[PDB]
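K.L.:
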Amino acid sequence: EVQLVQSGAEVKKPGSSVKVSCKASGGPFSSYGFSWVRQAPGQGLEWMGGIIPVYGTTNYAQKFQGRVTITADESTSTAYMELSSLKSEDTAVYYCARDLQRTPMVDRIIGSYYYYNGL
Amino acid sequence: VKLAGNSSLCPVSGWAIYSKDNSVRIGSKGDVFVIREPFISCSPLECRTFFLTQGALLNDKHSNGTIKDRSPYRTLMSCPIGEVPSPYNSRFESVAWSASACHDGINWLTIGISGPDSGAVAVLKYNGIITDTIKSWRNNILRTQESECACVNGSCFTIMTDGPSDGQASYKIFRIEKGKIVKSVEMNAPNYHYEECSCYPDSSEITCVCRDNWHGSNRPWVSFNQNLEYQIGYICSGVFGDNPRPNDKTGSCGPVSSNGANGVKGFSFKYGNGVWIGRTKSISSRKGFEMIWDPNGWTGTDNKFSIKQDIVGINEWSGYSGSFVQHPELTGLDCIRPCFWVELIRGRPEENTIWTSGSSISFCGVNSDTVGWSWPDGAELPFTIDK
Amino acid sequence: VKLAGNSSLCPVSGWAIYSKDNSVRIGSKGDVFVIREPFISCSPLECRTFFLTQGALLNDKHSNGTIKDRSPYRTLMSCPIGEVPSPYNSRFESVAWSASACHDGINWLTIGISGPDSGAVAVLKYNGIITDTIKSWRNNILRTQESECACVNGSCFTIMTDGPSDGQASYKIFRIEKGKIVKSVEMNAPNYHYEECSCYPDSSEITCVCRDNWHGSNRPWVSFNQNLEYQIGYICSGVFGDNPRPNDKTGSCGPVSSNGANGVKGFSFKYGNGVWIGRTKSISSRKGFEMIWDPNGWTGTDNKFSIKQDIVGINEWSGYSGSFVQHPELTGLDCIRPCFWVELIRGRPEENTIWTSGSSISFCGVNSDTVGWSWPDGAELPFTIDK
Amino acid sequence: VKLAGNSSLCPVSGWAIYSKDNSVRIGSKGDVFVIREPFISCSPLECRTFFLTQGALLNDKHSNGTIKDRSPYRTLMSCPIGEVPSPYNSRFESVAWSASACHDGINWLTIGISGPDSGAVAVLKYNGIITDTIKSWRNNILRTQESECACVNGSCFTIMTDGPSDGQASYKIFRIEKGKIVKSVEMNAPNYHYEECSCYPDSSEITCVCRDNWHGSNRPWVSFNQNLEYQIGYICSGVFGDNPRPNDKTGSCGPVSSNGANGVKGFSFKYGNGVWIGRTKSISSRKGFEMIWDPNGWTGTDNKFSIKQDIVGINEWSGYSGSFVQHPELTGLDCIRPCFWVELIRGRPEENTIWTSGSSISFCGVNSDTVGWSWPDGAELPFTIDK
Amino acid sequence: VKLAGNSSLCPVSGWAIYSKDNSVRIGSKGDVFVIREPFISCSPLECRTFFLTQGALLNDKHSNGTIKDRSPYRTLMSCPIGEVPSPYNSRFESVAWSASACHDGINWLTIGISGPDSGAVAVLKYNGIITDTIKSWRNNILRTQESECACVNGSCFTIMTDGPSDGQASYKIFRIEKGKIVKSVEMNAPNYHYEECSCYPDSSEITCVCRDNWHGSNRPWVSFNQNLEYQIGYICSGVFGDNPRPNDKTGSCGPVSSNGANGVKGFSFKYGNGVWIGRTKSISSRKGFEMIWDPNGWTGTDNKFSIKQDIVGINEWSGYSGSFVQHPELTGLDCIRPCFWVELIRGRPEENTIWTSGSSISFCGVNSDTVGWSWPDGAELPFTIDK
Ligand SMILES: *[C@@H]1O[C@H](CO)[C@@H](O[C@@H]2O[C@H](CO)[C@@H](O[C@@H]3O[C@H](CO)[C@@H](O)[C@H](O)[C@@H]3O)[C@H](O)[C@H]2NC(C)=O)[C@H](O)[C@H]1NC(C)=O
Ligand SMILES: *[C@@H]1O[C@H](CO)[C@@H](O[C@@H]2O[C@H](CO)[C@@H](O[C@@H]3O[C@H](CO)[C@@H](O)[C@H](O)[C@@H]3O)[C@H](O)[C@H]2NC(C)=O)[C@H](O)[C@H]1NC(C)=O
Ligand SMILES: [Ca+2]
Ligand SMILES: [Ca+2]
Ligand SMILES: [Ca+2]
Ligand SMILES: [Ca+2]
Ligand SMILES: [Ca+2]
Ligand SMILES: [Ca+2]
Ligand SMILES: [Ca+2]
Ligand SMILES: [Ca+2]
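Chains as they are written, first to last, in PDB author numbering: chain H, 1 to 119; chain A, 83 to 469; chain B, 83 to 469; chain C, 83 to 469; chain D, 83 to 469.
#1: Consult DSSP for residue 331 of chain B and reduce its assignment to one of helix, strand or coil.
#2: In whole angstroms, what is the alpha-carbon distance linking residue 320 of chain A and residue 301 of chain A?
#3: What three-state label does DSSP hand residue 213 of chain C in the structure shown?
#4: May I ask whether a heavy atom of ligand 8 can be found less than 7 Å away from the beta carbon of residue 352 of chain C?
#5: Suppose you measure from the CA of residue 188 of chain C to the CA of residue 309 of chain C; what does that come to, to the nearest Å?
#6: Return the bridge partner residues of residue 242 of chain C from the DSSP annotation.
#7: So within the stretch 87-118 of chain D, which uninterrupted alpha helix (DSSP H) runs reach at least 4 residues, ignoring any that extend past its ends?
#8: Contact between the stretch 410-417 of chain C and the stretch 130-138 of chain C is defined here as three or more beta-carbon pairs at a separation below 8 Å; is this criterion met?
#9: Could you tell me how far apart the beta carbons of residue 339 of chain D and residue 275 of chain D are, in whole angstroms, since I believe they sit closer than 8 Å?
#10: In the DSSP assignment, what residue or residues form a beta bridge with residue 445 of chain A?
#11: Using a strict less-than 6 Å threshold between each residue's beta carbon and the heavy atoms of ligand 2, what residues do you get?
#12: Shortest alpha-carbon distance to residue 445 of chain D belongs to which of D:87, D:94 and D:90?
#13: The alpha helix (DSSP H) that contains residue 413 of chain B, what's its start and end?
#14: When the Cα atoms are used, what is the spatial distance from residue 307 of chain A to residue 288 of chain C?
#15: Report the neighbours of residue 201 of chain B on chain A: residues whose CB is nearer than 7 Å to its CB, in chain order.
#16: Looking at residue 291 of chain D and residue 350 of chain D, is the spacing between their C-beta atoms short of 8 Å?
#17: Using 7 Å as the cut-off, classify the Cβ of residue 141 of chain B as near or not near the heavy atoms of ligand 4, replying yes or no.
#18: Can residue 324 of chain B be considered in contact with ligand 5, in the sense that its beta carbon sits closer than 7 Å to one or more heavy atoms?
#19: By the DSSP assignment, the beta strand (DSSP E) with residue 157 of chain C in it spans what residues?
#20: Give the residues from the stretch 87-104 of chain B that approach chain D closer than 7 Å (Cβ to any Cβ), ordered along the chain.
#21: Anything in chain D within Cβ reach of residue 298 of chain B, meaning under 7 Å, just list it in chain order.
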């Protein structure tokens with residue numbers, strides 16, 4: 001099966017930025033959607049953004065537009081999430097989760113294209 | 083002289099192979115364009131292979147990341163059939179990442195779409211001279227047949243789509259004369275989705291078989307006359323023509339939602355209530371190709387068919403397919419004969435390379451003995467640039 | 083205007099060199115098709131070199147295992163004489179692993195055979211437009227001349243073989259008019275074997291010299307008129323023309339069984355009771371080439387001949403050979419002049435490479451001073467791809 | 083038949099993309115000339131891309147140090163539009179390190195300048211036959227438009243400069259008929275500087291927009307009739323057209339000395355007192371390109387303009403630009419339509435390579451919907467030869 | 083229509099540069115024939131560059147040992163002027179290691195010499211059809227002009243040599259009409275030596291300037307009329323034209339024995355008692371080239387001349403040079419204009435490579451301003467194949 005290994009814990013002052021890695025220690029990486037979900041302590045799940053590395057496309061939630069950046073590295077099978085202008089309300093546990101099915105074939109690729117079957 | 087186009091489709095009973103360029107195989111050594119979305123179109127004198135280049139050559143570092151269908155470097159170019167799309171034998175047509183081209187009988191008409199996603203502009207050329215332009219009216223990527231347009235009596239017609247690829251969009255029919263758009267009609271087709279139509283003239287009218295990328299596993303169609311009065315519908319046959327699709331089952335004259343999400347450019351030839359259906363052999367991936375004759379498939383919903391001819395083996399890569407006709411002006415026959423081409427996509431996303439390109443095969447309908455076989459791309463991947 | 087073809091063969095007294103393409107040598111650096119079975123055919127305006135590519139280029143990995151004569155990637159293409167068969171100067175004709183082509187005087191006729199071994203279909207094109215098809219009638223590999231066909235008065239003729247290569251097979255004559263098969267006759271030739279015929283028109287008739295791959299070291303022949311009434315027989319000369327063969331000995335007007343097993347495509351020109359014989363110099367391998375004039379070899383069984391002209395040295399590689407004519411319409415003469423080409427096979431199975439290809443030389447008959455020499459391929463093998 | 087040229091410029095409201103050759107990108111793999119100073123010129127039948135080669139190919143060691151604009155190896159050559167300038171598709175015109183070419187309607191006129199700096203000679207060819215020569219009259223490098231010349235009624239005109247590039251020089255107008263210089267006039271223009279003029283015919287006269295390399299950040303211009311009576315001046319608009327230049331400010335109908343030192347070849351189309359200005363986006367480097375419509379810019383000194391259309395992004399390399407027209411003989415219109423090309427310089431001095439070359443894009447004016455975008459060179463530098 | 087050729091040579095006062103192919107420089111990357119002995123010849127419509135290939139491409143291993151002037155792989159081919167001799171743009175003419183070609187006004191006449199040294203046969207082609215042959219009569223290598231032949235009134239003339247290169251040989255004049263040799267005369271020239279003549283028509287007659295390889299440092303010449311009545315002699319000028327030669331000294335109307343041993347192919351244009359002499363700048367090696375006008379050099383023995391124009395610098399490699407004319411049928415003038423080409427030999431024996439090849443420059447005579455300069459080959463040797 002597939003294993004997603006994330007970077008260690010992080011502590012930041014407000015106004016700074018943080019970048020978290022997500023190394024897909026398995027097969028899937030290239031043609032699979034990767035999402036970044038955060039969860040404040042004692043609160044619900046909140047989806048920040050997603051990426052499809054084969055198509056080089058990203059989709060961000062309207063709450064995080066402008067200060068979140070999700071990048072991929074097709075060589076090392078690693079995904080990244082960078083959140084800038086950090087506020088104290090951003091204190092949460094940040095998860096990265098692959099999708100369940102291979103992405104469909106898109107001939108007309110929208111720059112913000114993303115698919116979601118289930119993480 | 084002008085192409086009359088008042089002849090009906092010749093009735094066919096098979097498909098004889100017409101051309102095979104072996105591009106990607108020859109591209110491993112020679113200087114060959116990285117291409118995608120090729121199509122064949124014929125004049126009353128010759129036939130040509132149009133294609134959208136990526137401004138790069140195979141086995142070159144500039145073929146990296148050439149999945150992306152839209153870039154300022156893509157150009158519509160053309161070369162003789164069965165010939166490799168090389169910069170040394172290719173004629174330039176227009177700067178485009180979405181194109182269409184046909185010959186009214188006196189001059190090549192080419193339609194090139196370039197520009198940003200919100201402001202794409204289709205450049206119309208007649209004899210290589212810019213004759214008209216049309217701008218995206220819904221500011222979501224403007225796209226066209228990626229196959230030949232259809233000319234009748236001196237007027238050529240095409241289909242363009244503006245809007246979402248995963249939802250309801252806007253579709254327009256155009257009537258071009260000597261490269262000038264003279265009439266256009268937006269189709270009143272709610273819950274329909276039209277993309278990358280394969281239009282062919284049929285005895286003074288035109289019928290386009292298209293691709294439903296939004297909720298359709300059967301193929302939508304639209305037919306119209308010179309005044310652009312039109313009729314819409316879906317191929318009712320239970321032999322589903324899109325890819326992906328479900329297994330063969332009870333069809334529908336409306337869009338079939340099962341596996342109705344994104345599809346593949348295709349074609350079909352309607353003969354009364356029957357239909358010649360070209361489709362992939364696989365249900366999920368773009369593998370194999372075959373021609374199926376359903377004698378009642380145009381208006382009936384059953385899955386029964388009477389003739390099937392193999393084109394590409396189920397294990398080997400296939401891709402876009404489109405129709406192209408050979409008019410009596412060119413062949414000397416008394417009816418407009420139908421033909422088709424098949425794109426053989428190699429590389430990304432299915433294969434471990436840094437590039438995506440395609441070769442082409444083509445077949446023409448004959449009323450004589452034919453045979454099924456597998457004419458695949460044949461390139462051994464990955465290439466040296468992929469290590 | 084149509085090619086009349088009512089002139090007799092010009093009488094010849096030698097052979098002057100006509101072309102040499104130096105393909106494989108230039109293939110070491112340039113972009114050159116891996117080819118095999120080349121032949122020359124002329125229109126009333128120009129002469130062209132047809133060939134069966136392998137969908138790959140020399141010194142490329144896709145030239146691996148290209149011994150196999152049949153694949154879905156082989157295509158019939160043509161380029162000007164003496165020119166290298168490159169994708170940058172070659173015109174596409176048809177998808178084929180067995181082909182034939184000739185010019186009736188108004189348009190190129192091409193015959194391309196592709197498909198499975200049990201269902202091979204020959205696609206006939208007139209001016210690149212598919213005009214007819216013919217399917218294998220014995221379901222064992224369908225094959226044709228691999229040299230030019232012969233046109234008289236507007237009708238072109240060819241030979242096709244269906245059945246075993248090591249036994250009795252089926253042989254048919256065709257009479258094509260503007261790419262449409264108008265008449266065909268199956269030859270009744272028991273104990274005969276016909277393969278890869280070299281047909282030339284001779285005073286309103288056609289005589290084909292062929293290859294007996296089953297039990298024949300002399301060459302079988304068949305001559306016929308426009309109504310396809312035909313004569314059959316073998317070259318009686320004791321100067322055996324096939325390869326392999328025995329040493330020169332007493333010949334036979336029937337098939338000579340000694341070393342009668344598989345042969346090489348060849349040709350011959352009959353002049354009354356005499357014959358111009360082109361053959362290899364070696365008796366076992368495909369090495370060297372020479373032209374021999376036997377003044378009574380067509381009807382006599384002795385081994386005596388009066389003239390011999392060296393073409394390729396006995397130590398250097400040779401291969402298929404075939405006839406091609408230049409009609410008075412092209413030369414301005416008052417008789418149809420004979421010419422011939424020689425294929426120079428390099429690589430497998432005789433050489434330590436991963437590929438097999440060939441270059442070509444050609445000679446035309448003249449009634450003037452000539453000289454014998456050795457014009458070999460000249461490529462230094464193995465190539466860099468073979469290491 | 084001769085090109086009349088008595089029509090006025092078609093009025094334009096935008097620019098539709100006409101060609102893009104993707105040379106340097108394809109030069110990374112294919113065999114492509116190292117070129118610089120390209121320009122387009124059209125006959126009544128076709129359009130061609132002329133260019134000055136360096137006698138060398140991209141990614142080859144002979145492309146080292148190819149900054150130097152003058153060498154005995156540079157040649158003026160031409161190929162179809164949108165095609166890559168390869169030795170396999172390029173026609174030879176003349177040996178030149180400074181060139182100009184136009185079609186009077188019956189035959190290509192080419193002007194090639196070669197020789198030493200003190201004795202440079204311009205070779206004039208009409209249909210490739212040398213028809214006239216003209217020698218440097220001030221013994222300091224003789225140079226010409228590096229764009230198309232202008233033909234009216236059968237007479238073609240050009241501008242040549244002899245003397246210093248950083249000071250007052252000598253400028254002459256020529257009137258060529260069938261390649262023979264029939265009249266010339268030296269311009270009485272003290273304090274003016276003319277280099278690399280972009281000349282277009284406009285209703286039986288010619289107006290050239292040029293480059294002031296000595297003290298000018300606005301563009302000098304000269305207009306003349308068939309008798310070579312001329313008028314001189316500078317574009318008064320505060321939208322400065324040269325590169326480098328100052329920020330947009332109050333302009334002058336004389337030379338603007340601020341950032342008046344060396345500039346870039348450019349063009350402009352005058353319409354009454356309006357002007358379509360093509361210029362770089364950057365003020366210092368050769369980056370980006372845009373078209374600006376100033377409705378009073380030809381005679382007014384303010385910096386206000388009403389229309390701007392993006393051509394190349396401000397961050398991507400640009401270079402020479404020049405005008406070329408399509409006459410009614412070619413387009414069938416009733417007015418001479420304006421177009422223009424943009425050279426995209428890559429490599430030295432701005433980039434870490436051993437070479438300098440360029441690709442081209444072109445646009446034609448239309449009175450219909452257009453869009454602004456960025457169509458840059460797109461080559462990934464450095465190349466393998468630069469390591 | 084036929085080339086009349088009854089005009090006298092246009093009188094000239096300089097030389098304007100006509101073409102430069104930059105072959106070897108482009109050959110370092112592109113696919114370029116290894117050539118030697120190139121020459122230009124013109125039809126009433128175009129001019130072409132003929133050359134003798136070696137059946138191999140530059141920077142390829144098959145270009146090893148290509149010093150040897152004679153091999154069964156050498157072929158005469160032609161391409162447009164100023165273009166690189168590539169297999170993708172070169173037309174095949176004949177198999178030859180010694181060649182000549184000219185256009186009578188209706189069809190290209192080509193003469194190709196191949197075969198063994200003792201039995202060489204020259205193949206004559208008119209419109210690519212073999213029209214005649216001529217076999218060596220002295221059984222010692224048969225050779226010809228290696229430059230264009232001269233056609234007058236429909237009859238073309240050439241010179242061939244059979245016998246020793248270091249002693250008395252046999253020389254013949256031929257009168258070909260439509261590729262058929264109609265008359266020949268062996269010259270009665272004891273103590274003379276003729277090789278590689280440069281023949282040009284001059285007012286219904288022909289005058290050839292040739293190379294004395296046996297005992298001559300001045301150039302021998304022969305002039306003749308249509309009936310082949312001839313006159314022989316040597317250029318009397320003390321400005322010696324061969325290479326090697328002695329310093330300029332008192333000349334002779336007979337052969338000058340000082341440095342009279344083997345020479346270089348050259349040319350000269352006679353104007354009354356004057357002569358335009360093309361020669362190398364160096365006295366020992368093949369370095370540099372220049373044009374010298376000696377107003378009495380044809381009949382006078384002094385070393386005085388009045389005009390000298392530099393062509394190639396004394397430090398840079400030169401080689402064969404030859405004449406070629408442009409008839410009034412092509413130029414529209416009232417006199418047959420003279421031009422010339424220069425071969426720039428690179429590699430062996432003078433340079434450290436495994437190969438020998440050459441590029442070409444050409445000039446045409448004009449009565450207008452010209453300039454002297456150096457237009458060398460420009461290739462940086464050794465190439466990558468030489469390491
Ligand atoms: C073709 O294009 C792809 C992009 O689609 C290029 O992929 C990029 O590859 C480089 C390495 O070759 C990656 O860089 C690495 O970054 C990590 C930090 O994240 C660093 O630790 C490594 O040492 C390395 O520098 C880069 O992330 C990756 N980018 C993407 C978007 O995948 C590929 O290199 C290109 N190949 C060619 C031949 O042009
Ligand atoms: C060209 O095609 C031939 C096939 O005709 C390829 O030959 C194959 O070569 C590989 C090795 O290169 C052989 O694999 C070996 O298998 C043995 C087990 O039998 C294993 O112990 C070795 O380590 C190796 O993996 C393979 O058997 C052989 N196949 C045949 C049918 O001969 C050849 O590799 C191709 N070359 C190129 C350049 O494409
Ligand atoms: Ca679908
Ligand atoms: Ca059914
Ligand atoms: Ca046999
Ligand atoms: Ca005998
Ligand atoms: Ca300036
Ligand atoms: Ca203003
Ligand atoms: Ca000498
Ligand atoms: Ca003198």
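Beta carbons are placed, not taken as given, at the ideal position from N, Cα and C, and that holds for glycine.
P.N.:
According to the structure shown:
#1: coil
#2: 11 Å
#3: strand
#4: no
#5: 22 Å
#6: C:226 and C:254
#7: 105-109
#8: no
#9: Not confirmed; about 11 Å, so no contact.
#10: A:99 and A:422
#11: B:143, B:146, B:147 and B:436
#12: D:94
#13: 410-413
#14: 48 Å
#15: 453
#16: yes
#17: no
#18: yes
#19: 157-162
#20: 98, 99, 100, 101, 102 and 104
#21: What residue 298 of chain B touches in chain D: nothing, since even the nearest Cβ is about 32 Å away.
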